[PDB]
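First up is the structure itself, then whatever we jot down about it.
None of the figures in this text is laboratory data; all of them are computed from the coordinates on show. Here the Cβ positions follow ideal geometry from the backbone for every residue, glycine too, while neighbour counts run over all protein chains shown.
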Amino acid sequence: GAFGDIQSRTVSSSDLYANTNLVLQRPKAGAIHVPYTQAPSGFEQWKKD
Amino acid sequence: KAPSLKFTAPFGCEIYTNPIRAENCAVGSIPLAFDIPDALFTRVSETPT
Amino acid sequence: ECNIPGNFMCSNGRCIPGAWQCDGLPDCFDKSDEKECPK
Amino acid sequence: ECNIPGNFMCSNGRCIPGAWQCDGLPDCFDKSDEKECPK
Amino acid sequence: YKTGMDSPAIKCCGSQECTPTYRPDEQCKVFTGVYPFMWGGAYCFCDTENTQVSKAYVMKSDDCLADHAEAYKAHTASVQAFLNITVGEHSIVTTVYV
Amino acid sequence: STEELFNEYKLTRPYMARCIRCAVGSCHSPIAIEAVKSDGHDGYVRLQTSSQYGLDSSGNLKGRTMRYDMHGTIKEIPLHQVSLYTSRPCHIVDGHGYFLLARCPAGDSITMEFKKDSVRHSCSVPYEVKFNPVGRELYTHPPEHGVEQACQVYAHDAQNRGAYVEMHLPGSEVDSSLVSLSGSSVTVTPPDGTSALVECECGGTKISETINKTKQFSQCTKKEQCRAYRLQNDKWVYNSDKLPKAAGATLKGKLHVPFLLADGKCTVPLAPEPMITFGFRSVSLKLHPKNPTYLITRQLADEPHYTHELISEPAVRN
Amino acid sequence: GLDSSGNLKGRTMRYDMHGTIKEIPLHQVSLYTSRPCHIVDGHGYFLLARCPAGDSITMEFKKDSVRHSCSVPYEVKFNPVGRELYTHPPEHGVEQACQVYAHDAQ
Amino acid sequence: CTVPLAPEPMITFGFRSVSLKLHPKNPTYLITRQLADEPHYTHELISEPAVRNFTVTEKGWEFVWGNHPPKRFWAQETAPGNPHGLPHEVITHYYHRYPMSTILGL
Amino acid sequence: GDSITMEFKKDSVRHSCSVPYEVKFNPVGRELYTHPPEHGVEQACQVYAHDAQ
Ligand SMILES: *[C@@H]1O[C@H](CO)[C@@H](O)[C@H](O)[C@H]1NC(C)=O
Ligand SMILES: *[C@@H]1O[C@H](CO)[C@@H](O)[C@H](O)[C@H]1NC(C)=O
Ligand SMILES: *[C@@H]1O[C@H](CO)[C@@H](O)[C@H](O)[C@H]1NC(C)=O
Ligand SMILES: [Ca+2]
Ligand SMILES: [Ca+2]
């Protein structure tokens, strides 16, 4: 949730650092989907502030 | 409506409905009295020394 | 669950109005609301 | 200029999707996107 | 960024085993007691002993190539000046450092 | 012309996914929107849907129509019939495969709908849409006149070089309509063109892998006691989170995506020229904005005393 | 919900057109407050639909002539379920108790 | 009903104090209370990210964040404590342990 | 609203045009309403006549 949550050494670098606090959740009974939890894009927050 | 009593109750008291009741109210103390017959006591000679 | 109560569960788990259970329309899209309908 | 890039300029200067250049539809309204189209 | 989410690994009337995955901020968890449904009907017959594995990862957005911020560190700055110098009716355009 | 227009579409095929609301409740519809991007400064939206369009069922270039997977079959309707809105109706600009470029206004959610051969179908997904106006002036719509400033916008060109996504074989697709109790036993159609994968939890025979054969299954009182899946194993799908994966293998590759975000030029409003009044060590400024406009000032001294304010109503400051 | 003869037909709606009574398909009838609503069900006088927030409710339908509409002032503001104030329900979440209008004609 | 789940905040520990890094996806109500006789009940609807610090005593402090199940954290002697530290030093270390007095006895 | 959009269906793809103009009508009277009430009192106002006169 902070500026620089997703970092990449260079533009073309395939390896990257990610800290989004991704947490998987329990899916709904009878529904096929991938539930998840993540922090809002810190890039957008910084762009706003 | 303002925040509910459940959120404002002191001593960490939790409020539950239907059978209106308060739980886990950490305040005070309770005296206890134990009328135990002598038949339940064990002699030292039966216990290790 | 769904909009309790009335939501007749289809075979695929979708919820339909209970007024569309056995009304002559395929609302579940698998015909399960219109199968086994009593006379 | 227009939505750079892709906006094929018509004879009247209007901008069209580049996917509608030589697609068999008169999108410029003067036929200039469909004229001179290679085979 | 975009949260890359893999397709659910649903094992009907059985159990899956999770394996290490080498992705940035890669998370994977096993869920039991699921009875998935599809447009074509109930996916799995069994009501118990069912396993649904969910896997997700974080990947860069496809727009990042054009829209991105670049973090730099700067030090030891130098100044370059453009002086118009005329010495005895000799007008020149001089590009010279300070 | 060129593989970008030939497209991997021939390999992919549209697919279906769950929508939160399909009108009256949820459903597994191909209209489902996977993701929405709103980085462009000009207000255009790039929606990624579960279906594909721009090419017809035979792979011919036809942008007039859109292709959606209608349950067990695949149907196509004209693209002009498809409408969408957030607060007000949007204007579709272009499309290619999974992705859709349209002019939507600001709003709290995106609703997409189209008319079938029956009751119209719609699907709404929650996503914050709020486009940053280009420039230091916060406008709702571009002005008739203005100055040209640099901006970043979504190109409608199908040309694609940078971005690409992973697509792979879909998993087994269950279909309960394949199976019935002919007289008293389980009878499953393949059907004609699809391989039928059937497995039973009860005893007897628990494996079929019937390629093409009408088989009867004993010891199964009711058709509910069996399950049947439609297997294609012909085309790839986008790595969607609503379709289960195939456990046997994940054949995958990299395929490029249209509507790349690219630099461009935008038309922006020009802040009205204020009135300037002179005085002793002081300047009086009469501001009269047409819209909320940011005023920024600074000194040229060591202490700039930087002051800024978004001013939307006329006011005089010294 | 029922036609002029009393038969069960939810596809149409019945309105008193001055001296006579006419019926049109229900799917033609549209309504909105800030954005178009989704009709869910109906029975007799009452109508259940998914409307967004708004300051007034406008209902309209196409006749055999110029379309007819009617707006009435009523404050529409639905309280989000839970201690989190959302506009639309999320894709994923936890199940909590709530009170909602059943669509069942029961 | 299906309701959103308030994003899990970051929790930073300290002496008689807990630092909470809130990052809501939408306007979410934060409510806190102590487990003492004086709850000092404080609540706020927070829509933008912000870091707030609260004081926690050994009597107990409860934390509720959106629809996440309530969590509780208590506090105990952190630092500098009361070592041997001859001489001085420990005089100011004791200042932090069992306040409201201390200086009185000195 | 913040802008006015006008559209009509041609023999082909529908055509529309939006122009920026502030639209904000002052409610008649000392009470700020959005739509006219079912019942009320009659007060003087200034309105656009539809008459072609
Ligand atoms: C100084 O520079 C300007 C433009 O760079 C040029 O027009 C002018 O002639 C120059 N003046 C002298 C005295 O060289
Ligand atoms: C500066 O502000 C004051 C009141 O705020 C006003 O009276 C004065 O006229 C302004 N200065 C000038 C030069 O107008
Ligand atoms: C508590 O708030 C202050 C400023 O408001 C901050 O400097 C401090 O870091 C916070 N406490 C902790 C443990 O972070
Ligand atoms: Ca029905
Ligand atoms: Ca054309």
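When you look at F:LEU310, is it assigned to a loop (DSSP other than H, G, I, E, B) and either of a type in the set (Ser, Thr, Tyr) or more than 16 Å from ligand 4 (Cβ to nearest atom) (or both), yes or no?
The answer is no for F:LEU310.
Considering only residues that are loosely packed, with under 15 Cβ neighbours inside 10 Å and within 10 Å of another protein chain (Cβ to nearest Cβ), look in the range D:1-24 and name the one that is nearest to ligand 2 (Cβ to nearest atom).
Step one: list which residues in the range D:1-24 are loosely packed, with under 15 Cβ neighbours inside 10 Å, which gives D:1, D:9, D:11-13, D:24.
In the following step, the residues that additionally are within 10 Å of another protein chain (Cβ to nearest Cβ) were identified as D:1, D:24.
Details: D:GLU1: 44, D:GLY24: 66 Å.
Among those residues, the one meeting the criterion is D:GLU1.
Taking the range F:161-176 on its own, how many of its residues are surrounded by fewer than 18 Cβ atoms within 10 Å (Cβ to Cβ) and outside any strand (DSSP E or B)?
Of the residues in that region, 2 qualify.
Failed condition for F:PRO190, given (1) surrounded by fewer than 18 Cβ atoms within 10 Å (Cβ to Cβ); (2) assigned to a loop (DSSP other than H, G, I, E, B); (3) at negative phi, with all others met?
Here F:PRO190 meets the rest and fails (1).
For the subset of the range F:143-160 comprising residues that are part of a loop (DSSP other than H, G, I, E, B) and among the acidic types (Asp, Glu), which member is surrounded by the most Cβ atoms within 10 Å (Cβ to Cβ)?
Within the range F:143-160, the first condition is being part of a loop (DSSP other than H, G, I, E, B), and the residues that meet it are F:143-146, F:155-160.
When the remaining residues are screened for being among the acidic types (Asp, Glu), the result is F:144, F:157.
Values: F:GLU144: 9, F:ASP157: 22.
Ranking the candidates gives F:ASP157 first.
Residue-wise test of (1) within 11 Å of chain E (Cβ to nearest Cβ); (2) under 24 Å from F:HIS28 (Cα atoms).
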site	(1), (2)
F:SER184	no, no
F:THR214	no, no
F:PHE217	no, no
F:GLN225	yes, yes
F:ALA228	yes, yes
F:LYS242	yes, yes
F:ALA247	yes, yes
F:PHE259	yes, no
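When the residues of the range H:19-59 are narrowed to those that are in contact with a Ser or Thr (Cβ under 8 Å, 6 or more places away or on another chain) and more than 30 Å from F:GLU128 (Cβ to Cβ), which ends up surrounded by the most Cβ atoms within 10 Å (Cβ to Cβ)?
Among those residues, the one meeting the criterion is H:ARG33.
Cβ-Cβ below 6 Å, separation at least six or inter-chain, first residue in the range I:10-28 and among the aromatic types (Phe, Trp, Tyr), second in a loop (DSSP other than H, G, I, E, B): which pairs?
Final answer for the pair search is none.
Under 7 Å by Cβ, and 6 or more places apart or on different chains, what pairs join a residue from the range H:11-30 that is within 12 Å of chain A (Cβ to nearest Cβ) and closer than 14 Å to H:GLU48 by Cα with one that is part of a loop (DSSP other than H, G, I, E, B) and within 16 Å of ligand 5 (Cβ to nearest atom)?
Short answer, once both residue conditions are applied: none.
Can you find, within the range E:51-98, the residue that is farthest from ligand 4 (Cβ to nearest atom) among those that are of a type in the set (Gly, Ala, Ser) and under 30 Å from A:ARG26 (Cα atoms)?
Restricting attention to the range E:51-98, the residues satisfying the condition of being of a type in the set (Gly, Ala, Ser) are E:54, E:56, E:61, E:66, E:69, E:71, E:74, E:77-78, E:81, E:88, E:91.
Next, only the ones that are under 30 Å from A:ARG26 (Cα atoms) stay: E:54, E:56, E:61.
Details: E:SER54: 34, E:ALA56: 37, E:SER61: 43 Å.
The selected residue is E:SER61.
Listed residues F:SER118, F:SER122, F:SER83; which is more than 14 Å from chain D (Cβ to nearest Cβ) and in contact with a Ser or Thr (Cβ under 7 Å, 6 or more places away or on another chain)? Step through it out loud before you land on a result.
On the way: F:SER118 fails: in contact with a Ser or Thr (Cβ under 7 Å, 6 or more places away or on another chain); F:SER83 fails: in contact with a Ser or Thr (Cβ under 7 Å, 6 or more places away or on another chain).
Matching residue, one of F:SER118, F:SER122, F:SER83: F:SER122.
For the range F:142-185, enumerate the residues that are in contact with a strand residue (DSSP E or B) (Cβ under 6 Å, 6 or more places away or on another chain) and free of Cβ contacts under 8 Å to residues at least 40 places away in the same chain.
Within the range F:142-185, F:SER185 is the sole residue that qualifies.
Output the residue which, of all residues in the range F:278-307 that are polar (S, T, N, Q) and away from chain I (no Cβ under 14 Å), is farthest from ligand 4 (Cβ to nearest atom).
Step one: filter the range F:278-307 for residues polar (S, T, N, Q), giving F:282, F:284, F:291, F:293, F:297, F:299, F:307.
Applying the additional criterion that residues be away from chain I (no Cβ under 14 Å) yields F:282, F:284, F:293, F:297, F:299, F:307.
Working: F:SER282: 78, F:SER284: 74, F:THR293: 57, F:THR297: 68, F:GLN299: 74, F:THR307: 66 Å.
If we take residues in the range F:278-307 being polar (S, T, N, Q) and away from chain I (no Cβ under 14 Å), then F:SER282 is farthest from ligand 4 (Cβ to nearest atom).
Residues checked against (1) of a type in the set (D, E, K, R); (2) not in a loop (DSSP other than H, G, I, E, B):
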{"site": "B:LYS1", "(1), (2)": "yes, no"}
{"site": "B:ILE15", "(1), (2)": "no, yes"}
{"site": "B:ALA26", "(1), (2)": "no, no"}
{"site": "B:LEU32", "(1), (2)": "no, no"}
{"site": "B:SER45", "(1), (2)": "no, yes"}
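With respect to A:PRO40, is the statement that it is assigned to a loop (DSSP other than H, G, I, E, B), within 14 Å of chain F (Cβ to nearest Cβ) and touching a strand residue (DSSP E or B) at 6+ places or on another chain (Cβ under 7 Å) true? Give the derivation first.
Numbers: assigned to a loop (DSSP other than H, G, I, E, B): yes; within 14 Å of chain F (Cβ to nearest Cβ): yes; touching a strand residue (DSSP E or B) at 6+ places or on another chain (Cβ under 7 Å): no.
Answer is no for this residue.
Does F:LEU261 qualify as being touching an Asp or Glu at 6+ places or on another chain (Cβ under 9 Å), more than 17 Å from E:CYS12 (Cβ to Cβ) and crowded, with 21+ Cβ neighbours inside 10 Å? Outline the logic, then answer.
Numbers: touching an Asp or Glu at 6+ places or on another chain (Cβ under 9 Å): yes; more than 17 Å from E:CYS12 (Cβ to Cβ): yes; crowded, with 21+ Cβ neighbours inside 10 Å: yes.
Yes.
State whether one or more residues within the range I:34-49 are of a type in the set (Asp, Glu) and more than 10 Å from every other protein chain (Cβ to nearest Cβ). Outline the logic, then answer.
Initially, the range I:34-49 is screened for residues of a type in the set (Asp, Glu), giving I:38, I:42.
Narrowing further to those that are more than 10 Å from every other protein chain (Cβ to nearest Cβ): I:42.
Checked the range I:34-49: at least one residue is of a type in the set (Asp, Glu) and more than 10 Å from every other protein chain (Cβ to nearest Cβ).
Tell me, which residue of the range G:86-106 that is in contact (Cβ under 8 Å) with a residue 40 or more places away in the chain and surrounded by fewer than 17 Cβ atoms within 10 Å (Cβ to Cβ) is nearest to the other protein chains (Cβ to nearest Cβ)? Please lay out each step first, then the result.
So in the range G:86-106, the residues in contact (Cβ under 8 Å) with a residue 40 or more places away in the chain come out as G:101, G:103, G:105.
Next, only the ones that are surrounded by fewer than 17 Cβ atoms within 10 Å (Cβ to Cβ) stay: G:101, G:105.
Details: G:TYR101: 8, G:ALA105: 5 Å.
Per the stated criteria, the residue is G:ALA105.
Criterion first (more than 16 Å from ligand 1 (Cβ to nearest atom) and touching a residue at least 60 places away in the same chain (Cβ under 8 Å)) does F:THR293 satisfy it?
Values: more than 16 Å from ligand 1 (Cβ to nearest atom): yes; touching a residue at least 60 places away in the same chain (Cβ under 8 Å): yes.
So F:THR293 fits the description; yes.
Would you call H:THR55 in contact with a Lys or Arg (Cβ under 9 Å, 6 or more places away or on another chain), within 15 Å of ligand 3 (Cβ to nearest atom) and not acidic (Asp, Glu)?
Numbers: in contact with a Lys or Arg (Cβ under 9 Å, 6 or more places away or on another chain): yes; within 15 Å of ligand 3 (Cβ to nearest atom): yes; not acidic (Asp, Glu): yes.
Spelling it out, H:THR55 is indeed in contact with a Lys or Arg (Cβ under 9 Å, 6 or more places away or on another chain), within 15 Å of ligand 3 (Cβ to nearest atom) and not acidic (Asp, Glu).
Of the residues that make up the range H:48-57, is at least one free of Cβ contacts under 8 Å to residues at least 24 places away in the same chain and assigned to a loop (DSSP other than H, G, I, E, B)?
Keep residues of the range H:48-57 that are free of Cβ contacts under 8 Å to residues at least 24 places away in the same chain, which gives none.
Scanning the range H:48-57 turns up no residue that is free of Cβ contacts under 8 Å to residues at least 24 places away in the same chain and assigned to a loop (DSSP other than H, G, I, E, B).
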